[PDB]
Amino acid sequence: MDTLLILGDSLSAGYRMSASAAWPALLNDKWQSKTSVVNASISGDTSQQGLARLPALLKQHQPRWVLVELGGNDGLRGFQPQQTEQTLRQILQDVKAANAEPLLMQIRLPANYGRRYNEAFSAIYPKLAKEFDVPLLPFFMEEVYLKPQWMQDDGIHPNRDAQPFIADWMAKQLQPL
């Protein structure tokens, strides 16, 4: 079996829920005996904190692909987009140099954040996917935001009931990869 490594923040770890409640556990169950899914996600992680954890994970897991789901905390904290871009660039360099295929997820801030900064933050992702010639996955939360029954009260993080949707959505996005 090949291994999919997830390098993520609470959108993949689960916000205020157990790891086993989060969609990557559901995906792992769905892909039993075919593909291993390692959820190396930490609630609250910046792109810099993800990057710090990455080398040990690459060594240990020798994954075939790495899903990079990071930078949203940087954006939510108003960090400079150029800085989050460089950090993400380093993550992508590390992945390729370990002989793994990076899969970069587009991240955005919710629709009530100011539009100029959200635009500059969001733009980093297609720029990096083009630069590294890697898949750019769409942001799964854009669908989730549209369902109050799947959102926690902060308007940011998906709830436990959203997790089976997200797992199914991710299974569908990831099969041609």
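The first residue of the shown sequence is 1; numbering continues from there.
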(message) If you take the mean CA temperature factor per stretch, which one wins between 39-47 and 52-60?
(response) 52-60
(request) Name the higher of the two by mean Cα B-factor in the PDB entry, 63-71 versus 107-115. (result) 107-115
(request) Select one of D153, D168, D161, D9: the residue whose C-alpha shows the highest B-factor in the crystal structure entry. (result) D153
(request) Just grab whichever of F139, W31, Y145, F132 has the top CA B-factor as deposited. (result) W31
(request) Report the third (lowest, middle or highest) to which the CA temperature factor of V95 belongs, ranking only the modelled residues of the same chain. (result) middle
(request) Place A22 in the lowest, middle or highest third of its chain's C-alpha B-factors, as listed in the PDB entry. (result) lowest
